[PDB]
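Student:
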Amino acid sequence: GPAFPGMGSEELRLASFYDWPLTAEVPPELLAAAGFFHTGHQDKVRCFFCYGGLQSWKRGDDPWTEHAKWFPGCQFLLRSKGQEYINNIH
Ligand SMILES: CN[C@@H](C)C(=O)N[C@H](C(=O)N1CCC[C@H]1c1nc(-c2cccc3ccccc23)cs1)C1CCCCC1
Ligand SMILES: [Zn+2]
Numbered sequence: 078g079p080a081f082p083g084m085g086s087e088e089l090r091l092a093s094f095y096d097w098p099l100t101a102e103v104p105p106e107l108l109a110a111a112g113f114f115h116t117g118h119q120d121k122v123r124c125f126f127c128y129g130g131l132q133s134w135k136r137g138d139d140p141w142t143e144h145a146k147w148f149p150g151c152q153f154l155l156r157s158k159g160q161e162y163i164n165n166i167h
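The sequence shown begins at 78 in the entry's author numbering and counts up by one.
As structure tokens, then:
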């Protein structure tokens, strides 16, 4: 199951980005959709399912792409995007 079941709701994840410092650069909507919640410190986020953390986001970074790049074994990623998507990023 998920590492952090309490953040399984996309809406709750989205709410966590109220203080996100990079709204124009990396949309909270896309981050939340990709399983990420905001830790509250800087631009650090974490996936609710695999608990993978990502920081130092660059403008135009795609949350789903980054999820697959760094945490290809995440089952939420797999269920959401499929194996073909993950394979093509590598
Ligand atoms: C350019 N696009 C971004 C999204 C990206 O690729 N970030 C990578 C990343 O966050 N990584 C690479 C794998 C692990 C993770 C990291 N995670 C942390 C980290 C350390 C300590 C506490 C943390 C808390 C929350 C999230 C990440 C944390 C540091 S680096 C990495 C950042 C540093 C420079 C190389 C790339
Ligand atoms: Zn994940």
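Where is the CB? At the ideal position from N, CA and C, for every residue including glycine.
#1: Rounded to whole angstroms, what is the Cα-Cα separation between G137 and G78?
#2: Once DSSP output is grouped into helix, strand and coil, what is the label at residue 249?
#3: Under the three-state reduction of DSSP, which class applies to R136: helix, strand or coil?
#4: Helix or strand or just coil, what does DSSP make of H115?
#5: Comparing alpha-carbon positions, which option in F113, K135 and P98 lies nearest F148?
Tutor: By the coordinates alone:
#1: 31 Å
#2: In the structure displayed, the chain extends from 78 to 167; residue 249 sits before or after that span and is not available.
#3: coil
#4: Here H115 sits in strand by DSSP.
#5: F113
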